[PDB]
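Notes to accompany the following structure.
Protein chains in written order, with our numbering: chain V, -3 to 316; chain R, -13 to 198; chain P, 5 to 510; chain S, 401 to 893.
Given below as structure tokens:
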């Protein structure tokens, strides 16, 4: 361990001098890239121009040796850190990481059974931090596609009636669905009211909102189990922006698959809604999104506003 | 094997126009164990010098959500792809010629999404007879009887095409004229578009039925 | 209204680093009314780095604030609001000022150390951009002095912008090229001339290369001819001296009207890039020529507009305006007939047009298709209605094509109908200023909408005989004249009817 | 059209093969009034030569490795422009001495100033020679000095890039000639004229009528001499980048708009810029190695590769190759380009075979039920010509088809070949036309295309993992599997 810094003098005579990267990798597998430290919970520093600062950490509780790691953070340019395990505060390593590292990146897809952990992540965003979770990047086409329906001037007044929204997502974690719901609510000036839960074969949730006109708002999420998840869990299957009025113009439904078009029954289901179709938007790759998010740096207004509503809803879930 | 070029199906109870509708084997006249089809899908294939290897799809029906007739022709993809889409979604150009509701010709093509980068989004043009030419209320029977009285036979068959059509359809007809098997008939709820087997027929190759 | 409230903000882009735009020629009250109002608006919505120090330059010098006073002076006459006044305060502190002499080599030494001093004051990144905006005769002396001091040497941190125009004739264009070429590279010189960043022009490529039906029938096998038209309805304003030595052939036919031509007869590029596209534009320009070079009367007609009527009010003739010399010869209406010699446009003539004091402003690119081989459906009106496909780059933007359909009635008949698609009724978004788009691109660096070096030589060579032949002195009573408010002079109509085709009434 | 007189400097001369490659050629050129009588040559290098020694050695060379000296008076009239100025390669003082000698020769001989510099030094000395040449400023005027660099132009991409950067900083990219290749002035011009002067063969050249093309180059001579030369290169930097990458460019090239070198070279680079291998990730569907072992040739025994002098009995240098390239532009999208080469294969031949497609529907019956599709068979080796095969009718009272072909050989209507390719190369170098030479972009692009397979095969591996084919069989069976995986067969030739 004490040879981590001494051997660097030998490497100094022997390069890539850019921002550094960090990883944790809970998984036991395998046990500008300037300084890659492959932590996997001794020292195995060997720099080969893709300099390697890989340290073999088969023993856990390496916080104490992290004091020199913090000194080995290479403070010359803004840097980035990957924390691909979970959110926590008791483990003191995070506190040192957030103060030291310029920015951190997490993924809202590998979370364990508990769901309130995402709430803990959501709370930290309100405090001034720098989190750019890549799961928000996957909603880029869905958000763009939703805005496509209302574009022409003829449907300008349709947006002022929207009351019913339903979201269909794969059984499991609902982090991807809640983010979309928060986004649309922010753009129409909605506020949370109540939150119930109806467990079952489909896990039908229920959220209610208010409005400037104080008309009731109804939304629900369905956890249709397909049993054919493509290496990624919790992805949208369809959505329906319906209407509950008497002389409303029309709704809008966006199918995504053959089974996802199961909403073509009842009264007006295939009549009161104009059904479109989308080819496929699901199960992307972690590599391509990571590169694009790495390229950009700063603060996003849209993400913070969406996460503001998400915090309010989850705080009422335990009481509701 | 006739499971790749035809699928039948009856219609059962459902919802239509905000009101319930009875199923087929519950109406007056029909016995409670009939097997008469009410939906037929096919896949023809013309083998002359200019339509080689280009398949034709056909499907009638009953108790469908809305009354429409159409003819859609789908063109091939570009040989090379350089411009990216705006929503990771790619579509081919399609020509259609509506018939029953409001006769016209339509066409769809791509164009650039206004902004700062280079992306494409789907758009379409239009043309309707009732907004350019006028409104026609002609009755087919009237013209037919006038032609019969005068005689300018163009819309009447020569019986050669009659024999040819019967020959084309004969195998499916003979196969479907079978013993009962009452519980071996697919059913589609009155109001939906088709039973799932036709969906599988089209999606075995990749293309999807036009959600009119 | 409030179109698509879902569209508050979703895009992601950024100009990389700060820089100092050392605007030359701060005098002449043109920078204060054109450039500074443009940049100030962009700063209000945070489209720039935090500090954009502008260093005005002029032979005559004022106080630091007195120079700032005239900067505000021009703001008010084109004011679009100020909001909180504190925004201008930091702006006023951001802008500095220096002075010197244009032709003094040592004056730049006073200059060079000045912005270098501001580099130590700000320490943002260090970046230089030049926007010399003075009379064309000042272009050579300004360029050579920069090379002598050598203060632009970094290929990535130095950019130089040349203002319109660029020359007079072929011998003039080459002379400027030798000076710049020996002292600068090719990835540093920008030549904003056209103001053709209008959004429809870069749409002329996506509509052509991303479809599968519109490509196969675009070649000599189906097309008959092409008519490119540009028209205005504003005469020569009192600044006639600038226009007097220009002529409408050299003003809007060498720079503007040829860009529409290069984008209509070019081959599909292999991959979208910076040089992979502009390299394809040069190839077509190297295989074009006038129709006839011996008898110039068959490939070009000039003209001039005289007194007439425009809008129910009498309008004076050209030789009456406050500044023009009576009995002049500078043309106003120009028409040509170009041909392309390659393996896909052989024998398909192109007709070009332009002018002033025409009835209304338009811009079209009309393509006409051939006639059907068999004529079983003879119908009525001689069937003299071939189908055309017309684009539009003016008010009422859109794409329209005409084709024939059956007329109701028992007897066979053929009417003429068209299906169209307009941007206004499909997207519902207001237009954007083209000038702002070009300035933003001067920071990132693309060199896609700016003409290259060798390409601007080919444009001059194509009209070599026309410019020289008309410039010779001739009889004053030998230039055809047309009334104000009518389309074409009498002579110019005969050029097209000889072949058997008629000008598009439009 | 005889070029103007000038003086030659032959760096690294008085070595090996320089005499037999230069002196007979220049002597024959001078005897055939190809050059004016004011042509001189100058030697170089460090060994203490002599003018009389130079004359004696040149006489011996022409007598032994050429037709002869002809008339003695002819040699007397020739022998006035052969001097020498000894000097080290990296000696600036020797360079100034050379400059003074050149000035004196210009003043006396009156050569009018124009010059051409010929370089023939070992390939591991180009950087120092070029840098020291540029140090003294011998290359300032544009038509006054042309420098020719012999084979090879580096080995891997990095070396070629470094050499290009060094060359670019000394002289403008208008005088450097990279010689290289051996395609003369017959085949290139013949093929271009045949393609771009007919109104039938052009419309049938895009992707909707053509199916695949094959390009074959074969030799029968063994490794012969230069064992040390071959052991360091192998048959991937010797015949698959110099020669075999020219037939591809000429076959798959877009039409030009002129005839001068500019348009031709620009089109060639544009085509070469949009090519790639087939399976970059898995190098088992886009490449096969080989090595020739003992076998039978001409009714006599011939030893295997690992029995020649100078080659260790563990080497893994290939002598066979096979790739599968593919173009990705608006015209050749989805048509594979199978390539080939080798050594010790029988029946030395080159070829370019294009195979068309089948008809939409078939209404007739084949004798063998095979229905062989049509083929164009451009040939380059001896018996040059164009041959095409189509269908005819079997005599009798039945409808059957049988494959027959036309033919047209250049050796009947013609046959009077031009001079040696070296003579025409030298004449073109003197007069000046870069049509037959190669620019920097072409070299860099070819190296980029071949880089992955070259790197993969360069790595050490098991000594006995080389697929082996005896001398005489066409190829190891792995190539047969590569071509039969899709169905199309190797041309039987």
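Even for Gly, the Cβ is constructed at its ideal location relative to N, Cα and C.
query: Residue 347 of chain P at chain S interface by Cβ criterion, 8 angstroms; result: yes
query: Contact set between the segment 282 to 307 of chain V and chain P, restricted to residues whose Cβ is under 8 angstroms from the partner; result: 292, 297 and 298
query: As assigned by DSSP and simplified to three states, the class of residue 305 of chain P; result: strand
query: Identity of the residue in V:49, V:9 and V:255 nearest residue 182 of chain R by Cα; result: V:255
query: Closest Cα partner of residue 679 of chain S within the set S:852, S:672 and S:437; result: S:852
query: Residue 465 of chain P to residue 266 of chain P span [Cα, whole Å]; result: 15 angstroms
query: Residue 115 of chain V, DSSP secondary structure in three states; result: helix
query: Residue-level contact to chain V via CB, residue 197 of chain R, 8 angstroms cutoff; result: yes
query: Member of S:593, S:589 and S:518 whose CA lies at the smallest distance from the CA of residue 578 of chain S; result: S:518
query: Residue 61 of chain P burial status per 10 Å Cβ neighbour count (16 or more: buried); result: buried
query: Rounded separation between residue 210 of chain V and residue 274 of chain V - CA only; result: 34 angstroms
query: Spatial distance of residue 207 of chain V from residue 10 of chain P (CA atoms); result: 17 angstroms
query: Residue 829 of chain S, buried or exposed, once every other Cβ within 10 Å from all chains shown has been counted against 16; result: buried
query: Whether residue 785 of chain S touches residue 805 of chain S by CB criterion (8 angstroms); result: no
query: Bounding residues of the alpha helix (DSSP H) (the contiguous stretch that carries residue 175 of chain V); result: 171 to 183
query: Unbroken alpha helix (DSSP H) run spanning residue 501 of chain S, endpoints; result: 492 to 509
query: Helix, strand or coil at residue 455 of chain S [DSSP, three-state]; result: helix
query: Spatial neighbours of residue 15 of chain V in its chain, beta-carbon cut-off 7 angstroms, leaving aside the 5 residues before and after; result: 28, 30, 73, 74, 75 and 76
query: Interface residues of the segment 65 to 76 of chain R facing chain V [CB-CB below 7 angstroms]; result: 72, 73, 74 and 75
query: Local Cβ density within 10 Å of residue 10 of chain V, reported as buried at 16 or more and exposed below that; result: exposed
query: Own chain residues within Cβ distance below 6 angstroms of residue 494 of chain S, not counting five before or after; result: 487 and 488
query: 8 angstroms CB neighbourhood of residue 278 of chain P in its chain, flanking five on each side removed; result: 450, 451 and 452
query: 8 angstroms Cβ cut-off: residues of chain P touching residue 657 of chain S; result: 287, 290, 291 and 346
query: Where residue 733 of chain S meets chain R, residues with beta-carbon distance less than 9 angstroms; result: 65 and 66
query: Proximity winner among P:233, P:275 and P:219, relative to residue 227 of chain P (alpha-carbon distances); result: P:219
query: Where residue 111 of chain R sits in the DSSP three-state scheme; result: strand
query: Amino acids of chain V, ordered along the chain, whose beta-carbon sits closer than 7 angstroms to that of residue 430 of chain P; result: 148
query: Residue closest to residue 159 of chain P, alpha-carbon to alpha-carbon, out of P:188, P:72 and P:178; result: P:188
query: Residue range of the alpha helix (DSSP H) that includes residue 96 of chain R; result: From DSSP, residue 96 of chain R is part of no alpha helix (DSSP H) but of the beta strand (DSSP E) over 92 to 98.
query: Residue ranges of each alpha helix (DSSP H) within the segment 855 to 884 of chain S, 4 or longer; result: 877 to 884
query: 8 angstroms Cβ cutoff met for residue 596 of chain S and residue 655 of chain S; result: yes
query: Same chain, Cβ closer than 8 angstroms to residue 506 of chain P, neighbours up to 5 away in sequence not counted; result: 500
query: Alpha-carbon spacing of residue 433 of chain S relative to residue 598 of chain S, whole angstroms; result: 37 angstroms
query: Distance between beta carbons of residue 78 of chain P and residue 40 of chain P, contact taken as under 8 angstroms; result: 7 angstroms
query: For residue 236 of chain V, the first and last residue of its enclosing alpha helix (DSSP H); result: Unbroken run through residue 236 of chain V is the beta strand (DSSP E), 232 to 238; no alpha helix (DSSP H).
query: Beta-carbon contacts of residue 133 of chain V that lie in its chain and below 6 angstroms, excluding the five residues immediately before and after; result: 285
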